[PDB]
Ligand SMILES: CNc1nc(-c2nc3ccc(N4CCN(C)CC4)cc3n2Cc2ccccc2)cn2c(C)nnc12
């Protein structure tokens, strides 16, 4: 069995910006989620081979994870905050699609999503 290539994290042709909202997304939002007790299933692309989840990438066609988001932020990949917020939302949605109601990992994703949304409320106004 085989994993797909990971999502791209660098593209020399893709425009980018440094903004106060993107800085907040790295320094506060990503940092807070990354340090949470429930971060570990989300800190890297799903390794479907090692985890013996051969159906994962049959079901999930837009994979996303916090490892990839962290690299996109640090590599100066993004033009805007909405791209990064979308990546977090894809990560949560994927978890709800692949797994079932009440599953361990769904409960974890729900707790991280609640925390994410709390931090997004304090997203600074753009300068
Ligand atoms: C079952 N469904 C999913 N499992 C995982 C996933 N990521 C893991 C990372 C690493 C470990 N290992 C840690 C080191 N140990 C030695 C051995 C296990 C397991 C992991 N799993 C499986 C698991 C199962 C239940 C709750 C959380 C995660 C991620 N997922 C996402 C994202 N969406 N759905 C899933």
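Values quoted throughout were computed directly from the atomic coordinates according to the rules given, and no laboratory measurement underlies them.
What angle do you read, to the nearest 10 degrees and between 0 and 90, between the alpha-carbon axis of helix 81-98 and the longest principal axis of the chain?
10
If you average the sequence gap of Cα pairs under 8 Å that are 6 or more apart and divide by the length of the chain, what percent do you get for the contact order?
About 37 percent, as a whole number.
Just check the range 58-127 against the gyration tensor rule for me: Cα atoms, a ≥ b ≥ c as the square roots of the eigenvalues, rounded for a/c under 1.5, and otherwise prolate or oblate depending on whether a/b exceeds b/c.
Here the range 58-127 falls in the oblate category.
In vacuum, with every alpha carbon of the chain counted as one equal point scatterer, what does the Debye formula give for log10 I(q)/I(0) at q = 0.15, 0.16, 0.21 Å⁻¹? Two decimals, please.
-0.71, -0.80, -1.28
If one takes the longest principal axis of the Cα atoms in the chain, at what angle in degrees, from 0 to 90 and to the nearest 10, does the Cα axis of helix 104-121 lie?
Tilt of helix 104-121: around 10 degrees.
If you average the alpha carbon positions of the range 102-127 and of the range 1-57, how far apart do those two centres end up, in angstrom?
Each part's Cα centre sits 15 Å from the other's.
Taking every eigenvalue of the Cα gyration tensor of the range 5-74, multiplying by 5 and rooting it, what semi-axes result, largest first, whole Å?
Equivalent ellipsoid of the range 5-74: 25, 17, 8 Å, largest first.
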